[PDB]
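For reference, each letter of the sequence shown is one residue, going 90 to 419 in the UniProt record's numbering.
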Amino acid sequence: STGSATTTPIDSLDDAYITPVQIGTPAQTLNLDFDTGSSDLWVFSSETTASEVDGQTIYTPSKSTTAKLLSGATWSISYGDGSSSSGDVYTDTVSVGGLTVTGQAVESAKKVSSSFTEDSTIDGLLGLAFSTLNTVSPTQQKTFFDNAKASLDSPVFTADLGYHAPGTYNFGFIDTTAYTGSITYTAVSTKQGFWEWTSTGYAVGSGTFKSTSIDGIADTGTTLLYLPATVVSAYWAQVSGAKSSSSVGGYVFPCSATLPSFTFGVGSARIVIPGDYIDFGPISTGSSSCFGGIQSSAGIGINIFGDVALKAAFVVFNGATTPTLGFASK
Ligand SMILES: C[C@H]1CC[C@H](NC(=O)[C@H]2CCCO2)CC1
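Structure, rendered in structure tokens:
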């Protein structure tokens with residue numbers, strides 16, 4: 090089997106991407122944030138504290154003839170951005186782009202933190218990291234991909250995120266029309282539960298490539314590119330007037346600037362992030378200070394190849410017995 094679904098930016102800045110997902114019988118379609126940096130499929134629901142729901146579409150398990158309470162199971166998750174959610178668990182039928190999993194754990198939120206409430210466009214998350222990170226207790230649950238994997242034509246999924254445009258998540262096949270040149274594959278460590286890999290270096294604009302190992306995670310659920318402070322300083326030094334602002338919470342730059350590109354290495358291959366992809370717009374409405382899309386990972390504890398990097402590539406998440414990651418230009 091295979092599946093193919095379009096993923097759409099939630100706003101004009103590509104702050105996140107939402108993908109429609111069918112849950113239950115008859116189908117209830119919710120728009121979920123596919124997150125390769127976590128491993129829970131959770132949704133706003135009829136069980137979510139009423140004051141914490143503000144415009145989201147909810148899953149109502151009592152209206153699904155295939156929903157079953159997973160007795161005694163609870164979940165609770167906290168993300169790197171400080172947000173959180175928790176609740177109980179149902180199993181139900183879940184379909185993405187024509188690919189169906191029966192008996193998928195659907196984690197129903199009883200509580201969500203304010204950032205979730207305040208984002209009316211995201212109805213929940215669909216985790217695509219390794220199932221070892223799943224938070225369900227006392228019986229850990231599998232991700233949608235892990236459940237689907239044995240049925241797929243090939244044990245892979247791909248992320249093809251757009252810049253200020255829709256893109257595609259495919260399951261079970263590689264669309265050879267969706268990228269240019271060849272796909273370069275690179276090793277993955279699953280020791281922390283992430284799609285963790287080592288970039289071979291970077292360049293800023295038309296500058297020379299610096300060969301240096303940068304360990305980080307491929308994370309579709311993180312907006313920006315978080316890299317070591319040395320790398321990030323070298324980038325922003327090429328933008329007149331750019332500075333790190335403790336009050337704003339990272340590097341800002343004059344909105345009048347033209348940003349240089351940023352290149353990252355994948356083995357001997359190179360992925361170029363155009364300068365425009367690094368512009369996250371005014372820090373506040375009407376401001377001439379703009380927020381940068383490349384930020385320091387110092388204090389996070391891990392480097393994160395988030396959407397800013399991933400959207401510049403066609404990315405293969407290879408879930409073979411020994412997982413790997415592939416990157417192609419597009
Ligand atoms: C238990 C699991 C729960 C999900 C966590 N994911 C994250 O915080 C994301 C945001 C940035 C890095 O990846 C990782 C631990």
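Virtual Cβ for every residue (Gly too), placed ideally from N, Cα, C.
Any contact of the stretch 404-414 with the stretch 265-274, i.e. 3+ C-beta pairs under 8 Å?
The stretch 404-414 is in contact with the stretch 265-274.
Can we count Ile360 as close to ligand 1, meaning its CB is less than 7 Å from some heavy atom?
Result no, Cβ not under 7 Å from ligand 1.
Just list the residues that DSSP pairs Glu196 with in beta bridges.
Bridge partners of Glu196 according to DSSP: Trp131 and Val178.
Under the three-state reduction of DSSP, which class applies to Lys280: helix, strand or coil?
In this structure, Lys280 counts as coil in the three-state DSSP scheme.
What residue does the beta strand (DSSP E) around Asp249 start on, and which one ends it?
For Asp249, the enclosing beta strand (DSSP E) covers residues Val245 to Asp249.
What would DSSP say about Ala417, mapped onto helix, strand or coil?
Residue state, collapsed to three classes: strand.
What three-state label does DSSP hand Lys332 in the structure shown?
The answer is strand: DSSP assigns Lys332 an E or B state.
Flag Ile211 as yes when its Cβ comes closer than 7 Å to any non-hydrogen atom of ligand 3, and as no otherwise.
In the structure shown, ligand 3 is absent; the only ligands present are ligand 1.
Have a look at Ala292 and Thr228 and give me their C-alpha separation to the nearest angstrom.
Taking the straight line from one Cα to the other gives about 45 Å.
Report back the beta-carbon spacing between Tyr179 and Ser165 to the nearest angstrom; my notes put them in contact at under 8 Å.
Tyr179 to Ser165, Cβ: 16 Å. No contact.
So, helix, strand or coil for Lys238, using DSSP?
It is helical.
DSSP state of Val142 mapped onto helix, strand, coil:
Assigned with DSSP and collapsed to three states, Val142 falls in coil, not helix or strand.
Verify whether the separation of the beta carbon atoms of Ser377 and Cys344 is less than 8 Å.
A distance below 8 Å separates the beta carbons of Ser377 and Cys344.
Would you mind giving the Cβ-Cβ distance between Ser278 and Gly290, rounded to the nearest angstrom? I have them listed as a contact below 8 Å.
No, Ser278 and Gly290 are not in contact; Cβ-Cβ is about 19 Å, not under 8 Å.
Per the contact definition of three or more C-beta pairs closer than 8 Å, is the stretch 311-321 in contact with the stretch 248-261?
Contact between the stretch 248-261 and the stretch 311-321 is absent, because fewer than three Cβ pairs lie under 8 Å.
Classify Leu316: buried if its beta carbon has 16 or more other beta carbons within 10 angstroms, exposed otherwise.
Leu316 comes out buried.
Taking the beta strand (DSSP E) that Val321 falls in, what are its first and last residues?
It is not in any beta strand (DSSP E) - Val321 instead sits in the alpha helix (DSSP H) that spans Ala318 to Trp325.
Report yes if the C-beta of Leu222 is less than 7 Å from at least one heavy atom of ligand 1; otherwise report no.
With a cut-off of 7 Å, the C-beta of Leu222 is classified as near ligand 1, since at least one heavy atom of the ligand falls inside that distance.
Given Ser386, which residues of its chain have a CB within under 7 Å of its CB, disregarding the five upstream and five downstream residues?
The beta carbon of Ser386 is closer than 7 Å to those of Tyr315, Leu316, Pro317, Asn392 and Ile393 in its chain, skipping five residues each way along the sequence.
Inter-residue Cα distance where the pair is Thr149 and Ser203
Going from the Cα of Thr149 to the Cα of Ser203 covers about 21 Å.
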